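Each remark here refers to the structure printed beneath this line.
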Amino acid sequence: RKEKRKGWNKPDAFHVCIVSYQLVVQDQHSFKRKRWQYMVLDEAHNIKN
Amino acid sequence: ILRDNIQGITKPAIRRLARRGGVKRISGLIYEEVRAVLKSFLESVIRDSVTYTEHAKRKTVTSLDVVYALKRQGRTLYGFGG
Amino acid sequence: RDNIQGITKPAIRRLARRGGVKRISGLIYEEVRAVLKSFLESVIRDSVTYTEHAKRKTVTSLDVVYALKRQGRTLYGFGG
Amino acid sequence: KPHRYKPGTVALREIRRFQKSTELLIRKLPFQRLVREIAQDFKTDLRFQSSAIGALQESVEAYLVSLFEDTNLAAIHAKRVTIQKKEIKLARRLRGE
Amino acid sequence: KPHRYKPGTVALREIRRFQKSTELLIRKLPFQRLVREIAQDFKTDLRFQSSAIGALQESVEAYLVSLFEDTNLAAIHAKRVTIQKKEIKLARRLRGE
Amino acid sequence: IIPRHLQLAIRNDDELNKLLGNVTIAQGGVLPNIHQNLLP
DNA sequence: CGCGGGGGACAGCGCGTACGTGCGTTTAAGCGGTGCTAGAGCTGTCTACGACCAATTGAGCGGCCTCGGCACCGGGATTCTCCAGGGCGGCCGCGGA
DNA sequence: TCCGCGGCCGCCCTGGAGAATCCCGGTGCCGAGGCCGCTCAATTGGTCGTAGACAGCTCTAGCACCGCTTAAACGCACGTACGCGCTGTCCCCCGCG
C-alpha cells in the first residue's frame with residue numbers, strides 16, 4: 001500500500017482508483033484528505049444498514 | 001478464553017517488550033521464563049484482589065480492588081483510583 | 001580530623017572477605033568507604049532532623065530508630 | 001543489490017518512533033482470555049466489566065519494562081549487550097523479588 | 001622451607017571465622033567521631049549519648065554485608081573471583097536506589 | 001494532555017523519580033534509555 | 001515460520017602485579033575512678049484554646065455544547081546509514097655486482 | 001646489501017542511493033468549563049475541659065580527664081594465579097519474505 005500511495009502524491013494522478021468496502025472503512029483516515037469527483041457504490045443493498 | 005491463554009503474551013510480544021528495555025538480542029528461553037515471571041506476579045496480585053473482593057461482600061472485581069491489592073506492595077504512585 | 005580514613009585498608013579487606021571475595025581491587029576499598037559515607041549521611045541527616053524536632057540536644061536511641069524507620073531500614077533490637 | 005540494512009541500523013529510527021509514540025504493544029483479546037483463564041480458577045464465571053483489564057496490562061507492562069531496563073543495565077555490566085537468563089534472574093534477585 | 005599458604009584458602013578460613021563470630025568489625029570510637037564529624041555540618045553543639053551509635057554501626061554493618069553478598073552474587077554472575085565497582089553500582093541501583 | 005506528558009514531567013524531575021517510580025503509569029509509557037555500545 | 005550471516009557471547013593461555021600472608025612496633029582505646037553539675041521530667045495550675053450546631057452563604061459543583069485544537073499524510077532535502085573504486089599503511093621479497 | 005619494481009592486491013574516503021522528518025494545511029472530529037439549580041456543611045458564638053508546659057525540686061549519670069596495657073595497622077618482601085588482553089570460535093536470533 002505504501003508503494004501504491006507513493007505515486008498517489010502527484011496531483012493530476014491516476015484518473016481513478018479501486019478500493020473495496022472494508023478496505024475503505026479501514027483506510028478512511030488515509031483517504032479522507034484527498035478530494036474526488038465521482039464516487040460509485042456497488043450493490044447498495046449490502047450498504048443498507 | 002479459559003484454556004491455554006498463557007500464550008497471550010506471545011514471543012513477538014515478549015521481544016517487543018524487551019525492545020523497550022534496550023536489548024539487541026533476546027534468547028530463545030527468555031520468552032517462557034519471563035512468561036512464568038509474569039504469571040507469578042499476576043497470580044500474586046490477583047490472589048489479594050480476589051480475597052479483598054470476598055471481604056467486601058462483592059461478586060465483581062473492580063480496578064480499585066487491584067489498586068488496593070498492589071497498595072501493600074509499597075509504592076502507590078499515580079494511576080486510576082489512586 | 002581526617003577521621004573517615006580511620007577505617008583502615010585491612011579493615012575493608014576483612015569486610016570484603018565477609019562478602020566472599022578472594023581478590024579485591026584497590027579502588028574497591030575507597031569505593032566502599034565512599035558508599036559508607038553516603039549511607040551515614042543519608043541516615044544522619046534524618047537523625048539530626050529528628051533530634052532538632054525532639055527538643056533535645058542529645059541523640060537518643062529512639063531518635064535513631066525513628067530516623068531509620070522512614071528510609072525502609074526498620075531495624076530490630078536497639079529501640080525496638 | 002537489495003537495500004539490506006545491517007543488524008542494528010533500523011533500530012535507531014525505530015527507537016526514535018516508539019519512544020515518542022505511546023500506544024499499546026500487546027494483543028488485547030489474547031490478554032483478556034489470559035486474565036479470564038486465571039480468574040476462573042480463583043473465581044469462576046466472573047462478570048467482567050469493560051474496566052479492570054487495561055489497568056492490569058498497563059501495570060504488568062510497566063513492571064516488565066522496568067525489569068527489562070534493569071536487565072539491560074546488568075548485561076552492560078556483564079561486559080556484553082545481549083539479554084540472557086542469568087541477567088534476568090540477577091536483576092530480579094537484586095530487585096528484592 | 002617457609003610456611004606460606006597458597007592464596008585463597010586462608011581467605012576461606014577467614015570467611016568461616018567471620019561466619020562463626022558475629023562481633024563488630026569497626027571499632028566503636030572511630031564510628032563515634034565519624035558520626036560526630038558528619039553531624040557537625042548539620043547542626044552545631046550536638047552531644048551524643050552512649051547509646052544510639054552502636055545501633056548505627058550494627059545497621060550499617062548488616063546492610064553493607066548484605067550489599068557485599070549481592071555484589072558477590074553478581075560477581076559470580078560475571079564469572080570472576082574479584083569484586084568490581086560496576087558490581088557495587090549494579091547491586092546498589094537494582095535495589096531501588 | 002497526553003499521559004506521555006505525565007511521564008515526561010515525572011522522569012524529567014529528579015525528586016519525583018527518586019521518590020517513587022514502580023507502580024503503573026496511567027498510559028504514560030516510560031523513557032527507554034539506550035546505551036552507547038548497542039548502535040553501530 | 002524460515003534462512004544468511006555477522007557482530008557478539010564465550011573460552012585458552014601469557015602478564016604480571018595486586019592483593020595476601022608472614023616478620024617487628026607502634027596510637028590510641030578500655031578500664032578503674034571521680035566530682036561535680038547539667039539536661040530530662042511530672043506535679044499545682046489555669047487558661048486559652050479546640051469542637052459543634054443556629055442564620056446565612058457562596059461556591060463549587062450537576063449537565064450541555066463550541067470550537068480551537070488532535071492525527072497524520074500531500075510534500076518533501078536532509079539525515080542515517082550502507083556499499084563499491086582509489087591511493088595508499090606501504091610490506092615485502094629477490095636478485096646482478 | 002642496493003633498491004627497482006611488481007604483486008596480495010584489500011581498506012577509509014567519496015559518491016550514489018533507500019526510508020523518514022516533522023512540521024505547513026485538509027478534512028474530519030472532541031469532550032473541557034461556565035450556567036440554571038442547589039445544598040450544605042462552613043463560619044462566628046458560647047460553653048465545656050483540660051491538659052500541658054511554667055516552675056521546681058530531682059536525680060542521676062555524662063564526661064573529660066589521669067594513668068596503665070595491649071591490638072590490629074603498617075610497611076616490606078615474596079607468591080601466584082586469575083582478571084584482563086589478545087586472540088580465536090561458533091552461533092542463532094535480527095531483517096525480510
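Before moving on, here are some points about what is shown:
- When Rg and the Kirkwood radius Rh are both evaluated on Cα atoms of chain F, their ratio Rg/Rh stands at 1.07.
- For B:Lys71, the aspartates and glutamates whose Cα falls under 12 Å of its own Cα, not counting residues fewer than eight places away in the same chain, are B:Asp48.
- Counted charge near B:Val61, where neighbours are those whose Cβ lies closer than 14 Å (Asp, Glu -1; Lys, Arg +1): +2
- A simple charge model with +1 on the Cβ of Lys and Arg, -1 on the Cβ of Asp and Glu and nothing else charged puts the dipole of chain B at about 360 debye relative to its Cα centre.
- Averaged over D:79-92, number of beta-carbon atoms from partner chains that fall within 10 Å: 6
- Annotation for region F:1-33 versus region D:30-92: alpha-carbon center distance of 18 Å.
- Efficiency of FRET from Cβ geometry, A:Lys4 and F:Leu39, R₀ 45 Å, rounded to 0.05: 0.90
- In chain E, Cα pairs under 8 Å separated by at least six residues give a relative contact order of 19 percent.
- Acute angle (nearest 10 degrees) that the helix E:28-40 long axis makes with the longest principal axis of chain E, alpha-carbon atoms: 50
- In degrees, nearest ten, helix B:30-55 long axis to first principal axis of chain B (Cα): 0
- Panel values: chain E, Kirkwood radius from alpha carbon pairs, Stokes-Einstein at 4 °C and 1.567 mPa s, translational diffusion coefficient 78 µm²/s.
- FRET efficiency for A:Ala44 and D:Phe42, using Cβ-Cβ distance with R0 set to 51 Å, rounded to 0.05: 0.50
- Peptides F:17-24, E:18-25 ranked from most to least packed, by the mean per-residue count of other Cβ atoms within 10 Å: F:17-24, E:18-25.
- The mean count of C-beta atoms from other chains within 10 Å of the C-beta of residues in E:11-18, rounded to a whole number, is 4.
- Here the Karplus curve 6.51 cos²θ - 1.76 cosθ + 1.60, taken at θ = phi - 60°, turns the phi angles of region F:7-23 into couplings of 5, 5, 5, 5, 6, 7, 9, 5, 5, 5, 5, 5, 5, 6, x, 8, 4 Hz, with x standing for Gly and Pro.
- Rg/Rg_ref, chain C, where Rg_ref = 2.2 N^0.38 Å and atoms are Cα: 1.36
- Unit charges on C-beta of K, R, D, E only; dipole of chain E, Debye: 640
- Pair-distance profile P(r), taking every C-alpha pair of the protein assembly as shown, with 10 angstrom steps and integer %: 3, 15, 20, 21, 19, 11, 4, 4, 2, 0, 0
- Each listed q (0.13, 0.16, 0.17, 0.18 Å⁻¹) maps to a log10 I(q)/I(0) for chain A from the Debye sum over equal C-alpha point scatterers, namely -0.36, -0.54, -0.61, -0.68.
- In this structure, the residue pairs whose Cα-Cα separation is over 21 Å, taken from A:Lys32/D:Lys20; C:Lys22/E:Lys89; B:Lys11/F:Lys18; C:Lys22/E:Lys20; C:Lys69/E:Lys20, are A:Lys32/D:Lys20; B:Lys11/F:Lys18; C:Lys69/E:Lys20.
- Expected 222 nm ellipticity per residue - DSSP helices of 4 or more, -39500 (n - 2.57), all of chain E, to 500: -19500 deg cm²/dmol
Read-outs throughout are calculated quantities, based only on the coordinates presented, and are distinct from any laboratory measurement. Please note: Cβ atoms are built from the backbone with ideal geometry, for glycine as well, and neighbour counts cover all protein chains shown.
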